[PDB]
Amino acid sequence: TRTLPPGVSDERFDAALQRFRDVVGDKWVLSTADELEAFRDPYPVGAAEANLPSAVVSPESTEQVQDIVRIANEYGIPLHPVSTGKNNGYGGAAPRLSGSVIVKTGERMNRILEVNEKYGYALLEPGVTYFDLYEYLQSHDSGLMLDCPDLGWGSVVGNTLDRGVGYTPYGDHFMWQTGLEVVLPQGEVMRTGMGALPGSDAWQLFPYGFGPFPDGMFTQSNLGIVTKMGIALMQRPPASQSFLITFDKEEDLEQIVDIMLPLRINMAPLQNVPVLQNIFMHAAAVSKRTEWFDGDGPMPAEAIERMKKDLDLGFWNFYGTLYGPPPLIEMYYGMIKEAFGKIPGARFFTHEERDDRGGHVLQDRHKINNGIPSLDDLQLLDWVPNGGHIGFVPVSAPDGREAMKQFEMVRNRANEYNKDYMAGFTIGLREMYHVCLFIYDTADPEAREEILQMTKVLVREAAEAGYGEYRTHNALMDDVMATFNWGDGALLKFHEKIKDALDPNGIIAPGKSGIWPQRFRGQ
């Protein structure tokens, strides 16, 4: 069943493969069943085998990436660029279009090119993971801290370019991205910002450069392959304090949101990203599902109460962190206690005060909120056997009623599909995320098809209520982009015009974010 790129003969592909090996070296071009097994989406969705790579090519230099791209152009081979290819929750390393060659840039392009203590930035290659970088910072006893997502094994660049987020004050990764080098779809190479001016020291100091500001167009994008990217790094504060706030009632959501907003909007006293997660989220962190209920299908209210009482946690649980000199920390912690204190049954705990099994999450958020990469959230996959996950994160105004409506909306449709409402609400500055995680048996084809359908429904429903996803799984890219159809799909038509201008042979990551080049449209 040898996987072949669309409309490419066995012969031409053998030639191309040869030319690829000529570029990177025989060792670093894979093209057999056994070898290609490793790059399967590790959390598959759907019953069906979807996404299947024709080869993997691991280049070591920008110049190689250029050569590959030129070759792919000649032969009309689709390319799927990845950094680490651990985009887990959103489709791992599997290409939207079958028969694509995966370009694994991060396998060999994994250098920390520069870290600068004075101006507080780093310039990185795609292969640099959050662990790799944190190690460097500890090794060299830096005064800087990174900002990490939940799972630290991923690329810093990869994450940034999916507009991923973290929970320190530098939590909007794209905001702090400064400068990148990218290979455009026909093999040209380009630098943005002050990188475009030979000799400039400001590549990682000033993002915008001169003329139209393009970096954004390389996020959630198929307009190139990024080979280098800068990111600002905040200075480690003198001290920090994490804390939990347990709220008993499921109805506390309304007043929690409406109180969070005015504490966050001026980046004080809530200086990190406020995150509020439900009880099911805390159970999965520590226990298996069978511990609380052994029926297939939804949990009864008695289970929920047992989970609350045993772990000693509210239905909603809020986690914040404060940074600065201890006066300021105390001053702010007080303001926060006075603020949320006005909700019946609101208990408060610092990262000192809880070493019990319910305070596991608090210990974990203390690490994350301080730029310490973990893999703690993989423990949430032991909730059920063969556990995997899919992410769904609609965006809305930070209003209690609106939050309550989302809670009802999702949990409802979730129970219809016999799945647990593992959800949270977080707030950026003026915006609300409904961070839903759904855990499922990855070895059961039914379960996979069910999850796919469920999210597709959640997406359709959310969009009908005015809620769009900020990011989605490989499997729902087409669906999600269809929700952003104002002006009769004006946005996507724009994306398409640009896609076709930079990528006339339709080479790069066809379908990414729902954007297909001309030769794939009509399908």
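All residue numbers are counted from 1 along the displayed sequence.
Mean CA B-factor, 292-300 versus 269-277: the higher value falls on 292-300. Checked against the record, the higher mean CA B factor of 418-426 and 150-158 lies with 418-426.
Taking the deposited Cα B-factors for 93, 261, 372, 133, the highest one is held by 93. As recorded in the entry, 251 carries the highest CA temperature factor of 431, 172, 215, 251. Sorting the modelled residues of the chain by their CA temperature factor places residue 44 in the highest third.
The deposited CA B-factor of residue 210 belongs to the lowest third of values across its chain. Residue 380: CA B factor lies in the highest third for its chain, per the PDB record. Residue-level temperature factors show residue 318 in the middle third of its chain, judged at the C-alpha atom. Ranked against the other modelled residues of its chain, the C-alpha B-factor of residue 57 as given in the entry falls in the lowest third.
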